[PDB]
Amino acid sequence: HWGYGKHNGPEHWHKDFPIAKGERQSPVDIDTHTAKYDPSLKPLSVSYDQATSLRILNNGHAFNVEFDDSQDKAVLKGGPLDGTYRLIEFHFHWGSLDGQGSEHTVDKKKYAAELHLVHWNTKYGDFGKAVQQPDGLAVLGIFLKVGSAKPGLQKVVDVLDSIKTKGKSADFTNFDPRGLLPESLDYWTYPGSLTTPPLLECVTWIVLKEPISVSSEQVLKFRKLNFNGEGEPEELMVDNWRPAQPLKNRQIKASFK
Ligand SMILES: [Zn+2]
Numbered sequence: 004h005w006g007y008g009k010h011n012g013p014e015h016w017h018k019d020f021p022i023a024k025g026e027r028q029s030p031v032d033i034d035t036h037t038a039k040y041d042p043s044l045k046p047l048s049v050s051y052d053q054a055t056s057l058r059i060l061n062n063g064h065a066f067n068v069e070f071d072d073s074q075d076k077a078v079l080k081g082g083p084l085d086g087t088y089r090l091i092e093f094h095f096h097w098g099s100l101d102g103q104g105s106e107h108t109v110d111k112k113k114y115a116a117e118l119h120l121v122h123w124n125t127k128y129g130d131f132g133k134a135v136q137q138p139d140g141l142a143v144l145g146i147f148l149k150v151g152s153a154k155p156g157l158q159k160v161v162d163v164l165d166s167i168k169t170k171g172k173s174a175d176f177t178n179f180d181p182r183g184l185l186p187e188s189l190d191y192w193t194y195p196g197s198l199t200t201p202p203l204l205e206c207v208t209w210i211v212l213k214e215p216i217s218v219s220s221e222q223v224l225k226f227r228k229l230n231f232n233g234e235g236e237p238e239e240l241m242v243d244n245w246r247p248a249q250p251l252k253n254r255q256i257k258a259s260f261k
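Going by PDB author numbering, the letters in the sequence shown line up with residues 4 to 125, 127 to 261, in that order.
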């Protein structure tokens, strides 16, 4: 199976997933000086007012907080998007040290972690159909730097003990994702892919310029999770991020100058 180790890490994925060498792969390095300001880009519209979280799960690669996507409760619209995209889950990628962890980089700068809020285009009916379309998913990427604690993240940090190993899940209701958003919604956008297998090129990436800060104690907790399942040798879940891929024939656009 794929993973982030020396023998099953990112450099080996292409063997089982040839598209890993595709023309629209993520993540990428965002060069702030060659990104183009596009004044035709509308402001992002995030409506997480009626969001319904359901469960938190350790999937052996990261931990996901899942949401009820049976209706338009938590949606993303505007920006470079067409149509309504429903939030289905969010997860993180982090490092073993504070100087690495994000997947995207800005001018080669790596952050301590990166949060992905995954949404699917409602015109496709369900998530499974949406991942097969070029405009099927919209992922909001938010960088995390170490500094002051993020109040809204604590609820997530406290439940991690309960889902230490692969396959464990816990009830996680009434969690409000608005507490994880930075103050500004300025962003960069480019067409890309999922960053984990199957690595489908079905994503419109919306990466926020402004990072949120979390404390070292909060990030420390992430590093205590396990890739392994209960009863197997312990492998700490750290460095679950894919390196930047070549931009190729793509232009990164900015919603700000
Ligand atoms: Zn991700």
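Virtual Cβ for every residue (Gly too), placed ideally from N, Cα, C.
Ranked by Cα distance from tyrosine 194, the first of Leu144, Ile216 and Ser99 is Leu144. Look at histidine 119: its beta carbon is less than 6 Å from one of the heavy atoms in ligand 1.
Non-local beta-carbon contacts of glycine 140 in its own chain, meaning distances under 7 Å to residues more than five positions away in sequence, involve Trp123, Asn124, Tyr128, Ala134 and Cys206 in chain order.
When the beta-carbon positions are compared, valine 68 and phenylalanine 176 come within less than 7 Å of each other. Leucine 84 is positioned such that its CB atom lies closer than 7 Å to that of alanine 142. Inter-residue distance for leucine 198 and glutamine 136 is about 11 Å (C-alpha atoms, whole angstroms). Ranked by how close their Cα comes to the Cα of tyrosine 88, the residues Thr208, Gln255, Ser217 and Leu229 have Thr208 in first place.
A Cβ-Cβ distance of about 38 Å is found for the pair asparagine 253 and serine 56, leaving them out of contact under the 8 Å criterion. Linking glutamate 92 to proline 186 through their CA atoms gives a straight-line distance of about 18 Å.
Of all C-beta pairs linking the segment 100-114 to the segment 62-78, fewer than three are shorter than 8 Å, placing the two stretches out of contact. In the structure shown, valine 163 falls within a helical segment according to DSSP collapsed to helix, strand and coil.
In this structure, the C-beta of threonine 199 approaches ligand 1 to less than 6 Å from one of its heavy atoms. Under DSSP, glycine 196 shares a beta bridge with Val207. In the DSSP annotation of this structure, the continuous segment of the alpha helix (DSSP H) that includes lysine 133 starts and ends at 131-134. Scanning its chain for C-beta atoms nearer than 6 Å, with the 5 sequence neighbours on each side dropped, one finds around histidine 17 the residues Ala23 and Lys24, in chain order. Secondary structure of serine 56 (DSSP, three-state): strand. Beta-bridge partners of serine 217 (DSSP): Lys149. Of the residues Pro201, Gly132, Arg227 and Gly196, the one whose Cα lies closest to the Cα of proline 250 is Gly196.
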